[PDB]
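As structure tokens, one chain now follows by itself in the form deposited in one PDB entry.
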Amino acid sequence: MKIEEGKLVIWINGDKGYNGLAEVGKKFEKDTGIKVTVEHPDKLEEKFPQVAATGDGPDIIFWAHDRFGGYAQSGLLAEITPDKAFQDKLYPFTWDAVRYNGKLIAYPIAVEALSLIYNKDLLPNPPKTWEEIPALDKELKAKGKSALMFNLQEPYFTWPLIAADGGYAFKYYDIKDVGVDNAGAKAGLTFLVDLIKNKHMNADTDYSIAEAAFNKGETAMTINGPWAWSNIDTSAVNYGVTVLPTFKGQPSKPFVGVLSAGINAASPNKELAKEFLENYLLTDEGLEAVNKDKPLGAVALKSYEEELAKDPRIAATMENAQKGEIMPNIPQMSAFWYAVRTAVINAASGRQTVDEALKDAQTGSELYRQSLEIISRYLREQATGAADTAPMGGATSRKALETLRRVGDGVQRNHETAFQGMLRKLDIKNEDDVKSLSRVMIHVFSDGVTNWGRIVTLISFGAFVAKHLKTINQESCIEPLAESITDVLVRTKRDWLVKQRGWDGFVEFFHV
């Protein structure tokens, strides 16, 4: 296996207290003789699933809890085994954040929420509403200052505004219901794009540009998390931390993250990782080391949270958190963030209109579930000979299914001999063999030009396999088969599918 035994490699994001974490690691090495290496690679949240899937990577990965369902579903995280007495040292709602499919899949460290951070010497009374920002910027611009700069390249930072007047990710979790292009989301993003059109913000502003501007005293406000506070202390800007402005009378709703530590499932060092996490990091002295480097927010460790909760910055953090929501941890969170990131960037730049951007995001976010509904229904009715009587809950699903029935009948008829021969060559007998189908379908499906004819052929093969599985009394393998096909299709063809307008495109192409 790629990972080395008898040491710990930790990955953590570069905005967090990695030097303090390394200090904890030195203490661990002094007591145990085991060397701890902390790294902060770029795009670690994308890198981790690529390397961990091959049995490589770090022993411990730190990130907000939202990405970890995905990791867990993919087999990349060890289940953790804190005993009762350890469990009781952290807040139950922090453990709830790192529960997937009933199992604990990470240790919670700290609760993060975005707040409004403001320069008390420029703006002694910060605005309660978004709507008053344009006027305030006009006033500040007369003195060579701006009202507000924040990172527009990561949707995390814009989401509180998008969500304020009723935007939402997944309904509280009903995965069918995405609220990315409803009228509330549209309103929020239109307000953001108007700020930009009226020269109150610049589309190119990123994390670094906003942080420098605030920390040099050029802009009166930023939006950021507790990790930013250290660098402002150093700058000698006199700052406060407050509740985010309202929009159309409603609170900004930040997406709340629980910084968490997961154990790589390929690690031969799981017991050392546990010892590090429970007996060195999640203690008063351990969290203090990290916190002194870059503040964590409101920590999951009750003993130390009682001291931090007296800080008015932490109170503000908790106030904003209470108005927002805990992020979901479902495997499609990754696709939701990619889709919303693109939408914000394209709306802010003018590359798409607000309505066009958010339509594309809504299609990207729901792609996996929508594809699965269609493909699973088709596979099961082909296998059994009868359709599923439940409603879709679904206009696109229903028409796409109708289309697939019409087109797929022809394909399965014409390809029957070839499909017979391919199935005989692959010998799919049970759930273990459906696992092996993925590698073959990626190769055969991907190494080929993409068009809807080829997608129908893939799904038609699926249906033909489903009928065989039913005949051999393996009907319980049909759902996993459908999941596997949907996985190959959407992992490899996502961008083409979105550009083709998803399943509405399919329906239009074969209309005919």
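Numbering starts at 1 and runs along the sequence shown. The term rigid core refers to the most C-alpha atoms you can superpose between the two forms while keeping them within 1.5 Å.
Here the subject shifts to the form deposited in another entry, a form of this protein not shown in this document.
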Residue from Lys84, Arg439, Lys216, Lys143 whose Cα, after superposing the rigid core, lies 2 Å or more away between the shown form and the other one: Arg439
Is_shifted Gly410 between the shown form and the other one (CA, 2 Å cut-off, rigid core): yes
Per-residue C-alpha change between the shown form and the other one, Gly55, threshold 2 Å, rigid core fit: no
Large Cα shift (2 Å or above) at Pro41 between the shown form and the other one, core-fitted: no
